[PDB]
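Next up, structure tokens for two forms of one chain, structure 1 and then structure 2.
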Structure 1
């Protein structure tokens, strides 16, 4: 099957003498598994998923030291950027990075990623060939030239084809029965007040995992892709998700409508009706 690992890094400078805050979050199949935050009492990478407790202290030490280095690196790059963009000291700035790999169905490297954003906008990114860069503006063209001269791409390419892949395979092994779990949605329909003979029927899907899901209302079992109200999928805070879809219906005609719920944990799609 297809899998992925990613490290999301953020560095924010703040008004004053105080140094930037650096946060690094690791993910495997979009699930946070490690985290480092320079704001903590004793800054260190910490497991964020039970299965990471398997890693010994040499791992946490190595990773924490890598992060202490990143903190400085981001401090330097943030300063360089202020110069490229002609910005004064005393403002708030944000530098972000996303790095990692995607494995194909054959479990081989499908694509390597390494990009940066500044003030929330694309700054520079390594292309799929993992040899050349795409700069988003003039300032980033400065970085691009600098890195082509230094051969920065070769460093990331080795990481993306070596370490990223090796460790992603290891993590998938250690967290087998976890990343692959599913929680079927528990669904129900609510009924809400008729604006002049018209009632709103709302289909709720709750407690599901993962978050991918599709809710579809139908009339007499026939598709109803058009006048349907949806809500962005949301976290319940307990690890599961929620979502709902509603549709306006003529009071007295609600037994005709059915809501279909599709989700990987479901033995078959769910079919619901008001009451």
Structure 2
């Protein structure tokens, strides 16, 4: 089926400290592979999946150094925004970023993402044409015009269409261990439970009160909902939907 990569980056400013806390978290087909964290001991892009270990110290200097840039970028930006909105001093603010790319089952580029939130509110976003911006509010217009009258979009486009695809095409080839080999739900009634599935997309029914899908810590997911009445399970990995009652 289809495939994706995403980096989630958060910077949080703090009263007193002149450097914000910074976390970046990498995801492949919706599953974590790399992470950086500013607070930590002495900080770098630790791997959070075993298949990423075959990348050699060399790849980590590259990425770890990249994360150094982003802190710089997020600090300055944190302070540009304070003025844009007349936020006075001593108060806690948050800037968030999302970027990455979708691939379809043929491995070609479906679409890129590059977007931003301030205080948890949409701020500015790259349109699906990788070439123009949607700005949420009047502050974001400043950013927009800076980014127009400076060609950022193409830079991101170049990362999105090229690099993003190239490396994901590769991570895929490096770790089908807990990726391409998807597993599927074991259901039962005690309310029917689906357990053990991957990916997390699933639907449940009763035929004659939704629990949200939830990590079980080991990489699989679970859901539930509560003779006539019978439960059906729908999933990416079922070679035919499941039907049951018992008890």
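Positions refer to the first chain, counted from 1. Basically, rigid core = biggest C-alpha set you can superpose within 1.5 Å across the two forms.
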C-alpha of residue 26 off by 2 Å or more between the two structures on rigid core: no
Note yes or no: does the Cα of residue 158 move by 2 Å or more between the two structures after the core is superposed? no
Look at the chain as two rigid parts and give the angle between the two structures through which the smaller one rotates, in °. 11
Looking at residue 261, what is the CA displacement between the two structures after core superposition, in angstrom? 3.9
By how many angstrom does residue 67 shift at its CA between the two structures when the core is held fixed? 0.1
Would you look up how far the C-alpha of residue 104 moves between the two structures when the rigid core is overlaid, in angstrom? 1.4
